[PDB]
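*Asks:* Coordinates only, no sequence provided:
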Ligand SMILES: N=C(N)c1cccc(-c2nocc2C(=O)Nc2ccc(-c3ccccc3S(N)(=O)=O)cc2)c1
Ligand SMILES: [Ca+2]
Ligand SMILES: [Cl-]
């Protein structure tokens, strides 16, 4: 997260860290045994880390649970970035508490102009590299489709939306991928891609979760 702030320990209790010997992506807990993340974060042997604040210190409140299934959307396309969503099933159900909590799936798509909360342990620099110990947060608005398209040098699909600030300085970044965008208490986005981070007229792009609610429910029910 570039140009954000320290969330505060466990203030985003649905935020998870995907770990393969180090933190590499975020995710969102949607029930006690399933996490929503990005298809492009797929790796085998993922450990999901719940209840984290400082990802480098055992503070208490952590639950580390291996992924038993990592289900990439069948229509994920790594060139076009369409359908950048993956569902991770936890080997065992997490013990839900105040610091480890699910986030609601949407019943309708979020409204253009709404200010949403993006979070993660990704790079905090727009140029160069600095990774935080503790969870970072950024509030930013959903931009119009027309604005997103005008900003982007890449083809935007109906399964993407953009959120951020066109003046630059405020964005998700590397290592935030797969983590949440929450709008009015609903998980509306997954950190997906952007042209660099926090550059002028290059806002962040996010998987549009409201398009996948039926798919998510069906896939969970059958697995
Ligand atoms: N600024 C962000 N919000 C953000 C979030 C996560 C990662 C990165 C990021 N940090 O460094 C690079 C990045 C990156 O995502 N690059 C990138 C650019 C374009 C595409 C893309 C989008 C749509 C269609 C096609 C493409 S592609 N795959 O042909 O380039 C994909 C990835 C930035
Ligand atoms: Ca920790
Ligand atoms: Cl820090």
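*Replies:* Here it is on my side, so go on. Numbering: from 1, shown residues only. Ligands and ions are numbered 1, 2, ... in the order given.
*Asks:* What residue spans form the domains of this protein?
*Replies:* 1-12+103-210, 13-102+211-223 (curated CATH domains).
*Asks:* Packed most tightly, which of those domains would that be?
*Replies:* domain 1-12+103-210 (a mean of 20; mean count of other CB atoms under 10 Å). For every residue, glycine as well, the C-beta is placed using N, CA and C.
*Asks:* Do me a favour and get the end-to-end distance for it?
*Replies:* Domain 1-12+103-210 has its terminal residues 23 Å apart, counting by CA to CA, to the nearest Å.
*Asks:* Show me how far it is from its chain's centre.
*Replies:* Distance of domain 1-12+103-210 from the chain centroid (CA atoms, centre = their mean, to the nearest Å) equals 8 Å.
*Asks:* just stretch 43-61 next, same as before
*Replies:* The answer for stretch 43-61 is 15 Å, by CA atoms, centre = their mean.
*Asks:* That one vs ligand 3: in contact?
*Replies:* No - for stretch 43-61, no contact with ligand 3 is found by CB under 5 Å from the ion; the gap never falls below 7.5 Å.
*Asks:* I'd guessed residue 20 sits against residue 48; true?
*Replies:* No - look at residue 20 against residue 48 with CB atoms under 8 Å: they stay out of range, at 10.9 Å.
*Asks:* Helices of this structure, start to end?
*Replies:* With DSSP state H as the criterion, the chain has helices at 145-151, 213-221.
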